[PDB]
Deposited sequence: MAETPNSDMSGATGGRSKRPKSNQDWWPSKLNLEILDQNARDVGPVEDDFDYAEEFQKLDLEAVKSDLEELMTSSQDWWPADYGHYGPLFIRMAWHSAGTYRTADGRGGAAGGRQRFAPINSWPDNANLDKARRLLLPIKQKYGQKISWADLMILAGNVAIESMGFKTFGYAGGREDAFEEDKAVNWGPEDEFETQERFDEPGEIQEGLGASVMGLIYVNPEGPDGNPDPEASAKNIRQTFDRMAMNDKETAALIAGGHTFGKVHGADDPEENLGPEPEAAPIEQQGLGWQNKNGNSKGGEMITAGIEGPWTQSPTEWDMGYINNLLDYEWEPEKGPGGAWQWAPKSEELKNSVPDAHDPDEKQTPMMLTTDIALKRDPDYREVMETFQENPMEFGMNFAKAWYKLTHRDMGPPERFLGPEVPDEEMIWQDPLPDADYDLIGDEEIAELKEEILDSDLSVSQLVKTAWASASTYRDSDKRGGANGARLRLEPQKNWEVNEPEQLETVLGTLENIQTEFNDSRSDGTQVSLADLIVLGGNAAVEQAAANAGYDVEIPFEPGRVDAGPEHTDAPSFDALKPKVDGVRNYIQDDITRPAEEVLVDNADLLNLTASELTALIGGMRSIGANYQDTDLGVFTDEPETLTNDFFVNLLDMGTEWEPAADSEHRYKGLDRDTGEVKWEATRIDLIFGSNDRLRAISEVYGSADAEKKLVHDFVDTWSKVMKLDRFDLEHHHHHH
């Protein structure tokens, strides 16, 4: 018997369960587990040696193609990191969530359950010293290296998750291997980096199953772009990956494939699918060796469409010299002919991709360099700054996509200087509101999904953040200019090697403002402050890549972009999850911010108080007062007005962001707590703890 909660009845229901995942770390590992220090005890070279042995250790329950598991593990690794989307930074190898449903049962992940199982003995051998996440990427690397290609490098540090990431919308499809997110090649549903559900990037047979290489290329380009890869990286990755292995399909899988892992019998112990997708054949003459075979086969010969016995589309070589030029995967006394997918032909038919592939063939070294770099990025893009990259194989070179941070070449401020700076900030002409908005704009770009954003680095002062509409550029410049004057003033007055960064000052200023707002309400609060943040420069900032962090809805500032799809409150919850907030923390934060008044354009939306810049629970008290009736504003699709029953007296204006806390059942229970006559101090303390939490999200230093 399976219960039908309020998530299966009404679609327009907020999914607060995603925030509940932040209130607890499920799993048997101690809640204070420090994976980093455990990984440091790991003999990485010994793990690689075991993986090397495993590569050619064909098991009977699942014999290795060509006597080598390398290709299978590369696909495995690529699938693990392939779900990444720049829109929210979700997906990616980070937590090894591929091991859980629904991802572990997608059609495109067929038989990856076998690959992972082959690694079980190694995982058990090293235990907590190496995560599944790290181990899967490491297997990919060893496969590539064992087959003749030295990788760019490798870093451990990916902590294992013990449940699926519920906060991930994979698409509007109720079915797998089918799509309903695009009509024209190059216009898929915004955000998602895949053109088809259950699929990773695009349809292997071509757009909508049609063998149109040119149209496929447009989808490939758009989707890889949403996975943070450009033309050169994309071409290098596809060509590089398909230099190895083959496609599996001895007939039609739609009629020769078994129950996916999640639907398989208990006796199958987590394994399922016991022909993956009709298409059959290798790309090159030597599927287990790094060479120029893929590029040569594609460019040097003409290819044409062909429907296999399963009805699936693949491409065959017009030539006859390539006929039976490839040994069979399991039958020695047999041969096979190289094949190509519509997505491979796309790389030759598209003018831009063709130019890249021609240069690659012309300069084999350039192909290697691009594949190496792209493979390293693909598998480490969601690990955050260099500080999180661990182990002896971490490259000495830091890549710009890691959003690097410089070293603090000076002594850090102490308790005395911290109080001094705090005092001078509040004594300046900066208001509590300016300080809070600036600190929020600096810290709120952080996302726990791929660990990008955050106040460290003070990139708020650089492009593109300094000019984002939501940050109100003109007003932002005033606050940053003033804090920069304070920084100069402090640094020049130091008698020793002590200095303060602008990154720290912005956060210190926010803390001071919150402390001041609480003092105005009669509460004495001291927010813990941790110095050490540094200021990153433009040369170490990939401006365009930060566009992904630009918010469409910002609850704290009551900001809603003019053209959004889903309800404002849905985006708000999605955004709250990126900041690792629970439902109560999200509520305390919004409610308290409204009493302060930190709205974009300084509007009074949701500011249900007559004493601005005073941290109280007035937001809740007034929101819950039945003496007020709410109604949509005439000729306004964002604003709502609170009128006080039916007397008409217009008191208060608000958006859906504010009203959801009095409408959603669970949020209303939290609001009723904060809106009680004995909860003001409780709200103040919860608001401060949440503010402090957000300010320290990118401080992986202390862990």
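Enquirer: Pop the missing stretches of the deposited sequence into a list, counting residues from 1 and keeping sequence order.
Expert: Deposited residues absent from the model fall in 1-17, 292-302, 732-737.
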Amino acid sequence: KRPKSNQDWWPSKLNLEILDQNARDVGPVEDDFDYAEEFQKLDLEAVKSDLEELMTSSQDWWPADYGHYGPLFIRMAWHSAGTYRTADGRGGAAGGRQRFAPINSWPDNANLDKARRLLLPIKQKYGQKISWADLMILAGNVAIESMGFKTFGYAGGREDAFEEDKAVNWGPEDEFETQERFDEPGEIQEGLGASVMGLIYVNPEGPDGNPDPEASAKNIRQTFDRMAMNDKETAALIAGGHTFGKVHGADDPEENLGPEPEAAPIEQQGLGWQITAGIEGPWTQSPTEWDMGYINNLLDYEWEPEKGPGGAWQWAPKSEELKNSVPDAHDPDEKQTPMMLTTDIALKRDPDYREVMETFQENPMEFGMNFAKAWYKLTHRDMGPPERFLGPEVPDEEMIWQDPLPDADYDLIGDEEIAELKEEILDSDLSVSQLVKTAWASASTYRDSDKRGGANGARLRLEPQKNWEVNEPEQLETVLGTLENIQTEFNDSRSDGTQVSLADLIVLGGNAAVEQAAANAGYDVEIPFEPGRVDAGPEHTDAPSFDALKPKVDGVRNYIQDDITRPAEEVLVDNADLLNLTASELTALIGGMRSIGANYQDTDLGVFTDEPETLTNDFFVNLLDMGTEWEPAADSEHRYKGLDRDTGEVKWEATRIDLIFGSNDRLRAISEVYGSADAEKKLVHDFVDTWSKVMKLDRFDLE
From here on, numbers count along this sequence of modelled residues.
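Enquirer: Comparing 280-288 with 484-492, where is the mean C-alpha B-factor higher?
Expert: Higher mean C-alpha B-factor in the PDB entry: 280-288.
Enquirer: Between 638-646 and 65-73, name whichever shows the higher mean Cα B factor according to the PDB entry.
Expert: Result: 638-646.
Enquirer: Just grab whichever of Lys373, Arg116, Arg533, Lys318 has the top CA B-factor as deposited.
Expert: Within the set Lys373, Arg116, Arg533, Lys318, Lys318 shows the top C-alpha B-factor.
Enquirer: Of the choices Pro327, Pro473, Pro406, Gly510, which one's C-alpha carries the largest B-factor in the record?
Expert: Across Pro327, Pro473, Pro406, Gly510, the entry lists the biggest C-alpha B-factor for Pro327.
Enquirer: Sort the modelled residues of this chain by their C-alpha B factor and say whether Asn456 lands in the lowest, middle or highest third.
Expert: Ranked within chain, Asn456 CA B lands in the lowest tercile.
Enquirer: Please place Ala654 in the lowest, middle or highest third of its chain by C-alpha B factor as given in the entry.
Expert: Ranked within chain, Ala654 CA B lands in the lowest tercile.
Enquirer: For the chain shown, is the CA B-factor of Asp108 in the lowest, middle or highest third of its modelled residues?
Expert: CA B-factor rank for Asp108: highest third.
Enquirer: Of the three thirds of its chain by CA temperature factor, lowest, middle or highest, which one includes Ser692?
Expert: Its C-alpha B-factor belongs to the lowest third of this chain's values.
Enquirer: Can you tell me whether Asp25 has a C-alpha B-factor in the lowest, middle or highest third compared with the other modelled residues of the same chain?
Expert: CA B-factor rank for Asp25: highest third.
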